[PDB]
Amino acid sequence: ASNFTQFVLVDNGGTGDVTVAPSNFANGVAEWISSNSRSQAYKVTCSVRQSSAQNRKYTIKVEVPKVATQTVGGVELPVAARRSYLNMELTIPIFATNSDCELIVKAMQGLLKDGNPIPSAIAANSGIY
C-alpha cells in the first residue's frame, strides 16, 4: 500500500548500505533523509496529488550527495557538494487497477536495470548515440 518507513536507498551488498529514514511530513510531502549533511545527506521526497483529475500525479525527488565533494582536492569544508538530483513525475489514471499499477513499477524497474542503455549512459556520464 505505501510506507513512510525506512528503506535502503543504496545497496552495497553488506552493512555499508545507504538507508533513508522518515524525517518529515511537511504538507502532503513525505520526506526521507540519511545520516544527513556532512559529505552526506541522501534526501528523498514523495508527494501525491490529483492533477487535472482524470489522473493522480506522484512527484518524487532524490538528492545524491555524490561520493563527490571533499573526496578529492583542497576545499576542506564542502557545502552544496555539487550533488545530483532527480525530479520524477508519474501521472496515472485515477482508477488504474493494481495490475495497471504493477505493470508501471516493472516498466520503471526495467528502464533502470544494470546493463541497460539508459543506466549505462548515465553511469558513464554519456549520451545514447
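Sequential numbering from 1, following the sequence displayed.
Practice task
Going by the average Cα B-factor in the PDB entry, point out whether 118 to 126 or 2 to 10 comes out higher.
Solution key: Per the PDB entry, the higher value belongs to 2 to 10.
Exercise for the section: Pick between 92 to 100 and 72 to 80: the one whose mean CA B-factor in the entry is higher. Expected result: Between 72 to 80 and 92 to 100, it is 72 to 80 that shows the higher mean C-alpha B-factor.
Exercise for the section: For the C-alpha B-factor as written in the entry, point me to the maximum among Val48, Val64, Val44, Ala26. Expected result: Answer for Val48, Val64, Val44, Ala26: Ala26, with the highest C-alpha B-factor.
Practice task
Please place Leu111 in the lowest, middle or highest third of its chain by C-alpha B factor as given in the entry.
Solution key: For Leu111, whose C-alpha B-factor we compare with every modelled residue in the chain, the answer is the highest third.
Handout entry: Within-chain third of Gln54 by Cα B-factor, per the entry
Key = For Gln54, whose C-alpha B-factor we compare with every modelled residue in the chain, the answer is the highest third.
Practice task
Can you work out whether the C-alpha temperature factor of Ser34 puts it in the lowest, middle or highest third of the chain?
Solution key: Middle third, going by the recorded CA B-factors of the chain.
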